[PDB]
*Asks:* 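Have a look at this one before I ask anything.
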Amino acid sequence: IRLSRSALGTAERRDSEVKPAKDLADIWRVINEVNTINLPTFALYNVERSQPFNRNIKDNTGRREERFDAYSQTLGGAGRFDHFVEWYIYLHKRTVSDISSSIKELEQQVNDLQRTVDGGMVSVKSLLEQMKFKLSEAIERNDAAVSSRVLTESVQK
Amino acid sequence: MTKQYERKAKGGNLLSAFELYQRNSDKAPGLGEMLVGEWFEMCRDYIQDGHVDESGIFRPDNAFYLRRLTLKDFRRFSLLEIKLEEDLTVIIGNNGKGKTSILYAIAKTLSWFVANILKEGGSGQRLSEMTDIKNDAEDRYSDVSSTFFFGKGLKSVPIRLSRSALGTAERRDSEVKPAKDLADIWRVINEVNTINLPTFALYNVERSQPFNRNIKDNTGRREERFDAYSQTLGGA
Amino acid sequence: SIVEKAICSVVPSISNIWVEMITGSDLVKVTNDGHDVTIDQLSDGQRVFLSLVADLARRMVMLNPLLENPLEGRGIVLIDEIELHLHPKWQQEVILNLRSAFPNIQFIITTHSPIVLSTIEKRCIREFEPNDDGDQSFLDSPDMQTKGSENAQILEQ
Amino acid sequence: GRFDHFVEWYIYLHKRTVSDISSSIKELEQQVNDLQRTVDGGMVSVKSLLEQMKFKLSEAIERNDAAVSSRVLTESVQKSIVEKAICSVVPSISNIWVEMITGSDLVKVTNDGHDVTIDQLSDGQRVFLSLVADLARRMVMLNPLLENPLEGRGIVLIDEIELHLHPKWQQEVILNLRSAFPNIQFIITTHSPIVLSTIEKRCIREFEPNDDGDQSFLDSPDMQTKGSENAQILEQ
Amino acid sequence: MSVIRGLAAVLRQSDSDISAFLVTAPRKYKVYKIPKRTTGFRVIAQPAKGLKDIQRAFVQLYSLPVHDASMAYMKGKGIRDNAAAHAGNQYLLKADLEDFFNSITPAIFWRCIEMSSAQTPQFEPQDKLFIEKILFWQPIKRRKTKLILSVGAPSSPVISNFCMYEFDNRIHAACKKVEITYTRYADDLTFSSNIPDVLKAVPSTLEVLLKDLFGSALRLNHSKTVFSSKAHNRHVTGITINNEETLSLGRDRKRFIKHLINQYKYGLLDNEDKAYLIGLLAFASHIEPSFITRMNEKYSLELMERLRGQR
RNA sequence: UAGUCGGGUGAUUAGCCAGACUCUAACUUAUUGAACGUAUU
Ligand SMILES: Nc1ncnc2c1ncn2[C@@H]1O[C@H](COP(=O)(O)OP(=O)(O)O)[C@@H](O)[C@H]1O
């Protein structure tokens, strides 16, 4: 892989040659898409690593959980320690709670609201428009946790 | 072929002379010295020739200016043609007639010249696919055709900017190759031997902004020559 | 020297421009109507026009190193609403000053003013028909000779 | 002026006019009636985590009495007042409304019989539109107790009132502003005699050509500018 | 067997051989680049020898109608006739079509076949696929639907002339009423008239007629629409029209030829340039016979005779 | 006035001389293929 640049006004350019790197990364990405595989970890730690810790953490829940968040600002020179704190607290919340019950109460609201479906209004979809397939998407997301795939929160922690 | 290019170049054509110079230079050093050749001298003389007129002003032998501008389905124009003057052209009208649109189209056309002067095969600005195409339209695409004059050796440099509207299966392409060729001539000749480069500037309503020297603006060493093409067609 | 001469010749109110280093922030000073004033206390109309002229002169000087007068180089300059923030007294001479300073530049200019048109030949004007919806083609020059004409007559015709 | 704030406020008005509160409070009451009867027997688990919407019902009861206790105008009435202020002052604009194009709500206007959006507006029309729209929004929001909120007290300062305006529009920029906002004290500066031709001589303060700041009072011109020739105002 | 039977009777080959050949026929093309005269390259698709013979036989077998306003690719007509059609006039409106040859598809060909106002040879529905395979070139291997005419082929010129027969007829009929003469060298719509301010409305008529006939497939090149008069240069498909309303090669080309003959006079002209000069002189004799007489007077008759040679 | 046309001179694509024109307004292009001219034939 070659990273090239040329000055302004030169008669001929110097371009990059990143095609083999793109080919290898395409192999990695496609293989991972079809079947989960282990991915390399690229990180850079500069002298900006030494920065103060600002106590509280911004609760931007919804993105520290995805697998590809490990590549977020991975080569910025300073490790995302706030991201680590959010992820660690998220793992603790899923370990101490939300796992002893597991899928026990989440599917119960469907049966409970079946009463409103039958003996309430003629047809109810507005009240039950999300969780019906939200349970299915949670199941197909945690299938990695329950199989030889993405680890459970307790073992990760 | 070499014979036809020599016949055209000795007649005053600049493109043929540059083609001969390139084919000599990229060949063995027996005929290619990158300069001190008949064709390179022809090209640099064509670019650099001039004379001081009776009033004391240097007048180049081969003037550079825009001849025609065609706007097809561009903003409010279904099909418009203009006959830009060699020295000064004034566009007048009421509000919302398209004068700013005409200037915007001309600036977009000149952006390709600027980009290919700065950077080989560089990409200039393109027409917006959200606002530039006429709202009514019939084909949901817009064209901006321009013709430039660079002396008797290059009487026409046709460049067309085209864009298709959002959600259109057929996309229209732009014909910007002659502008790239002319800017390649300028850039190559300049790097081999310093020449005078054209100035392309746009001063739109985005000027008159308050304050001056807002930030230190770490942007590329204002001292160097090719900093004169940086944000030259931005409007301010 | 070339840039200073261009700035002083084109802009009517400015008589001189220089840089002071004492009071050791670098600052640029001009002379408006005989008063030495800094660059930030300019008005809108003398600062905008000066900005245009100075930028154009800088680019002409930097792009034309082999010319005795770099401002005599070739190029295309687009100006929108040239009479911006200009008093009618300034509008009577802006076109002439610009054409004198940069004689080889192709100026393409839009304006809403009869005062500026009074200094421009009829052949150089491209007008829009008042009752036009965009179907008109191949714009035309006016009939009445605007150069040297009365401002009221230009407004009328 | 905050024209983006005006656009957000206008889209809010459109949404609350096309949705209204009488078509949401009754639905909330119906849902509460259904759920309370459903949870009457027991198993209040279907309401413990559904209590959020029941409390949001009382929340919506709040911030709604303020719309009845402060005597604020109806959102549709405010929209109509702002629209008629915009259309009657800006010459090119005929009507203005909001559409749900590709989901997002965007504001469209009518220029010379065509239905371009705000981003397609020319700089001359867009600036005047932004000025009048911001002023109308501020007057409507600050004057809830008037039948016409535009007839309220205030002081508005405009610099270069004729900015980006064609001479045809300058003949009617003062009269339209005075008619739309009768009770505002307008303090303006101008560079055009066409605007001065529509202004009383008593309302003009002039700086002498030979003035370095040593003067002590701003006098009115000797000639009556209202109804005078453009050449006469230019000369005297 | 219709088309294949006639092709077999012409080529003296079996039906099976031709039918097997006409399977990848839209694909049997050799594409190459030729140098442009100023700069760049032009891409041309030329079919193989067997497909070339098949196309020639198909062209000679079936005679598609062509209009008199067309001047390209017919016997006895060419550049001189196209230029002399507008020789005596005062104003011209040279115009061009956008990507003329590659914009013609089998859909256009079959649309033009059915609605042609003149006599059209009868093609059975069974052999339409063979017609498409014979006449049309298929760029892009994966896309079997994209079939276009290739500029440069034994069959492309006649198909292109036929596909514009209705356009030529209607344009000529419209132009004769307004005292405008119209010719087309297969990409160069030339309109000329002695009436002022009459050519302004021609481009709009061309656009509406093209939309009516070919829809969006064929479009005018708006950047190639040129208005000219006796105040400016006037040339039609390479022949300059003088202010004396006569055909000419142009002053610059005449001076170039004079310089070449002068170089030959002192023996400073090599064999390649000598052959080029002989070809240019033959072309000049075709276009400007008086130029040959002028050169005979200026450079003596014996020098010219030795330059052109003897039989 | 430009710009254009091009008859002549010119070791000749340049320079010059004479003449003429002016719809708001040429920008000379592409092969081996097609037709045209020319040469072998
Ligand atoms: N895509 C478009 N389709 C149709 N009309 C448009 C489009 N974009 C802009 N317009 C209209 O065309 C005009 C553009 O204004 P502009 O070019 O800035 O003119 P000016 O400088 O003369 O005021 C306005 O009237 C605007 O409403």
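Per chain, numbering begins at 1; letters A, B, ... match sequence-line order.
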*Asks:* Heavy atoms only, 4.0 Å cut-off, all strands: where does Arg80(E) land among base, sugar-phosphate and nothing?
*Replies:*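 No contact at all - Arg80(E) keeps every heavy atom at 4.0 Å or more from the nucleic acid.
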
*Asks:* What nucleic acid atoms does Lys36(E) come within less than 4.0 Å of, heavy atoms only: base, sugar-phosphate, or nothing?
*Replies:*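 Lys36(E): backbone/sugar contact only, no base atoms under 4.0 Å.
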
*Asks:* For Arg294(E) and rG7(F), is the shortest distance between a side-chain N/O and OP1 or OP2 below 4.0 Å?
*Replies:*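 Looking at the OP1 and OP2 atoms of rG7(F), one of them is under 4.0 Å from a side-chain N or O of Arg294(E).
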
*Asks:* Would you indicate what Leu268(E) reaches in the nucleic acid, counting non-hydrogen atoms under 4.0 angstrom: base, sugar-phosphate, or nothing?
*Replies:*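 Contact class for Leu268(E): base.
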
*Asks:* Map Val226(E) and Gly12(B) onto RNA chain F by nearest heavy atom, then report which one ends up closer to the 5' terminus.
*Replies:*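 Of the two residues, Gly12(B) wins.
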
*Asks:* Test for a donor-acceptor pair under 3.5 Å between the base of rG10(F) and the side chain of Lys258(E), counting only N and O atoms.
*Replies:*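 It does, because a donor-acceptor pair links the side chain of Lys258(E) to the base of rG10(F) below 3.5 Å.
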
*Asks:* Quick one: label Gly250(E) by what it contacts on the DNA or RNA (base, sugar-phosphate, nothing), any heavy atom closer than 4.0 Å.
*Replies:*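 If one applies the 4.0 Å heavy-atom cut-off, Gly250(E) turns out to touch the sugar-phosphate alone, with no base involved.
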
*Asks:* Tell me whether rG6(F) is paired to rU32(F) (Watson-Crick: purine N1 to pyrimidine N3 plus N6-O4 or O6-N4; or G-U wobble; cut-off 3.5 Å).
*Replies:*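 Between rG6(F) and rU32(F), no qualifying pair exists.
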
*Asks:* Is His259(E) touching bases, backbone alone, or none of the nucleic acid, heavy atoms closer than 4.0 Å?
*Replies:* base

*Asks:* Once you apply a heavy-atom cut-off of 4.0 Å, does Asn242(E) come out as touching a base, just sugar-phosphate, or nothing?
*Replies:* sugar-phosphate

*Asks:* So, is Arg68(B) near the phosphate of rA26(F), with a side-chain N or O under 4.0 Å from OP1 or OP2?
*Replies:* yes

*Asks:* Counting the atoms with a prime plus P, OP1 and OP2 as sugar-phosphate, which does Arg126(C) contact under 4.0 Å by heavy atoms, base, sugar-phosphate, or nothing?
*Replies:*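 Nothing, no heavy atom under 4.0 Å.
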
*Asks:* How are the rings of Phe40(B) and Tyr21(B) set relative to one another: parallel (under 30°), tilted (30 to 60°) or perpendicular (over 60°)?
*Replies:*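 The arrangement is tilted - the two ring planes meet at 30° to 60°.
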
*Asks:* Would you tell me if any nitrogen or oxygen in the side chain of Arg255(E) comes within less than 4.0 Å of OP1 or OP2 on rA14(F)?
*Replies:* yes

*Asks:* Would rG6(F) be called syn or anti here, given the cut-off of 90° from 0?
*Replies:*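 Syn, which is what one calls it when the glycosidic angle falls within 90° of 0.
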
*Asks:* Using a 3.5 Å cut-off and no angle test, enumerate the donor-acceptor pairs between side-chain atoms of residues 74-81 of chain E and protein atoms at least two apart in sequence or in another chain.
*Replies:*
residue  : atom : partner  : partner atom : Å
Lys77(E) : NZ   : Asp68(E) : O            : 3.2
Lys77(E) : NZ   : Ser70(E) : O            : 3.0

*Asks:* Are both defining distances between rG37(F) and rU31(F) under 3.5 Å, such that they form a Watson-Crick or G-U wobble pair?
*Replies:*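 WC or G-U pairing between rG37(F) and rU31(F): no.
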
*Asks:* Reckon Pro196(E) touches a base, only the sugar-phosphate, or nothing at all at heavy-atom distances under 4.0 Å?
*Replies:* base

*Asks:* Establish whether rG19(F) and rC5(F) are paired, applying the Watson-Crick or G-U wobble definition with both distances under 3.5 Å.
*Replies:* yes

*Asks:* What is the nucleic acid contact for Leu92(E), judged by heavy atoms within less than 4.0 Å: base, sugar-phosphate only, or nothing?
*Replies:*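 Base contact - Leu92(E) has a heavy atom under 4.0 Å of at least one base atom.
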
